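Provided below as structure tokens are two forms of one protein chain, presented individually as structure 1 and structure 2.
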Structure 1
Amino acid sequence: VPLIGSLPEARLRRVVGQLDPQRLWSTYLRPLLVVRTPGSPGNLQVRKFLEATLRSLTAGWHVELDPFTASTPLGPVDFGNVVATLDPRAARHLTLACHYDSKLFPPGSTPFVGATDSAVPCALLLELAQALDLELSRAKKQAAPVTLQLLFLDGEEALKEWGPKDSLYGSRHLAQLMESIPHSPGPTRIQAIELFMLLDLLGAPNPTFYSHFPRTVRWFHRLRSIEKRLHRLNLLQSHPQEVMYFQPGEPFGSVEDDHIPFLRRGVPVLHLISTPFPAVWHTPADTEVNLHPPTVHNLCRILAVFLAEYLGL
């Protein structure tokens, strides 16, 4: 628990104190819980909600929009991703990512908003960024060498049948775009991704995560470690055992997600996705009241230390 690279408890406690669960849940989560398929009005409001929420933050992220067209198993659809980079002159960054679109389902069925998939994750990032705003604003001003980059991806889903030409429209393009952009050192923006941490299927009760890439397993250990740790310093609601979320040790793997286009380009990936998937997954039942708010908040706290331990805040 008093290991190496770790937060002096004092700070960690303030780090956690600063998180506002009412804000996570209602400023940030509640608004997104809406049908938001590609290029639908649903979509575009979320897109603009994020596009703003990020800009208002005091530390003044560079918020830029990656938009495009693509050929689907339906018409052409247009998409826009949301790239938010706290200090883009900085030479590397930690890229956290998630997708704001929602899976189009056939009509005449209870709309599908997908709370775990991926409403909850998006809001976790919004909270991270806001509950850590002064501290990022410090290090940004300190021309810190590794900054923070947040991706809110569009078009992960699939209209019709899931497959390599219908899925991950957004990541596939963002990746395409990044490697075409000279950065320094680099050579591309793609190499500026120190870690690509990807959040998915989050907020159902009683998840289990495993390391899925052994190249990043040590970071996964940070998380198991940060879980302990918060349990010990009593800062976890409904957490009987010491190890609940972050399991040992190193299983099989692969589960096509937004990381893939980056991983094709050699990007170290940490796939923070519950496995087994939420019971309610891809049903009209992915909805605000199946979430397990304690779990939702433990994962805010657990990430919110990690962020800090990572960027030394």
Structure 2
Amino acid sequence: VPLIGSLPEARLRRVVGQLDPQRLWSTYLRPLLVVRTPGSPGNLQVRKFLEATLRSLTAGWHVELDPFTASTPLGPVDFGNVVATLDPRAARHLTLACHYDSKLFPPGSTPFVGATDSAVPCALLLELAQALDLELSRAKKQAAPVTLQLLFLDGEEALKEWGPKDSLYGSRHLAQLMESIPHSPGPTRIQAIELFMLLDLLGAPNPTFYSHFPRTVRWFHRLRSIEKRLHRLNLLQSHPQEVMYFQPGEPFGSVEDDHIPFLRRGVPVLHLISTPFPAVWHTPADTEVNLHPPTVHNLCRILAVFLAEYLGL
């Protein structure tokens, strides 16, 4: 319950109280729930929405695009990762990541908007940044040596399920780009990532998470402890058992995802992905109505506490 490095209770309740469920849902999630396949108008509109939202935060994040053109099974397609670094001068950062593209389906199909995959992850990152904006701003003004970075990756999904190189367009490109850019102390932007936490497949009822990387299990245990704590504090909804989400062991592994290009370059990863996947995965039923709002807000609360403890907010 109260572990070393945990927020005092009154600090925890104020952090959770800064979250706004209506804002998460309407301001951050709803605008994303459009078809947003790489290169589409909808994808570009979501990119600009992310950029503008992030630039509006009073903490004054450094927000930049990583745009590029890559070969795909459909020919050349443009991709653009959105990279938000709160304090670009800090030595290192906690990096939270997700993908903002939606998987392309055949024409004539019921449109796929990927509510869990990964509109909810994207919206959670925006809500965290906003809810903690005053605290993040003060940490930056105090020149904290560990800042926060948010990555909204493009092109995670295969365009045509056309083999292993038809995937991870944005993350492959960004990891290579970061390895080419000096950082202090660095020596490159890859080494600035103290921990890479990838959110994926979130918002369905009854998710289960396992630790996929022994290297980062301490952070998995922290998330579990936060779940338990929030449960006992009467701060979770529709959560009848003390531990439901963060499970022990590893009955299902990690799957290929946007962490891989980072992992292969030595970055420590925590893969916050439901396994088994949502029932709706990769079907057009992955929509807003099939989300479970209490679970979305429960995850948001867990993550807010994690972020405040990790960064000393």
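Only residues modelled in both forms are compared. Every residue number counts along structure 1's sequence, beginning with 1. Throughout, rigid core stands for the largest set of C-alpha atoms superposing within 1.5 Å between the two forms.
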Pick from 75, 164, 214, 182: whose Cα moves by 2 Å or more between structures 1 and 2, rigid core superposed? 164
Residue shift check between structures 1 and 2, rigid core fit, residue 253 Cα at least 2 Å: yes
Aligning on the rigid core, one finds that residue 110 shifts at its CA between structures 1 and 2, in Å, by 1.1
Core-fitted comparison between structures 1 and 2 - CA shift at residue 86, Å: 0.1
Determine the segments between structures 1 and 2 made of three or more consecutive residues whose Cα atoms all move at least 2 Å, using the rigid core for the superposition and only residues common to both forms. 162-164, 249-254
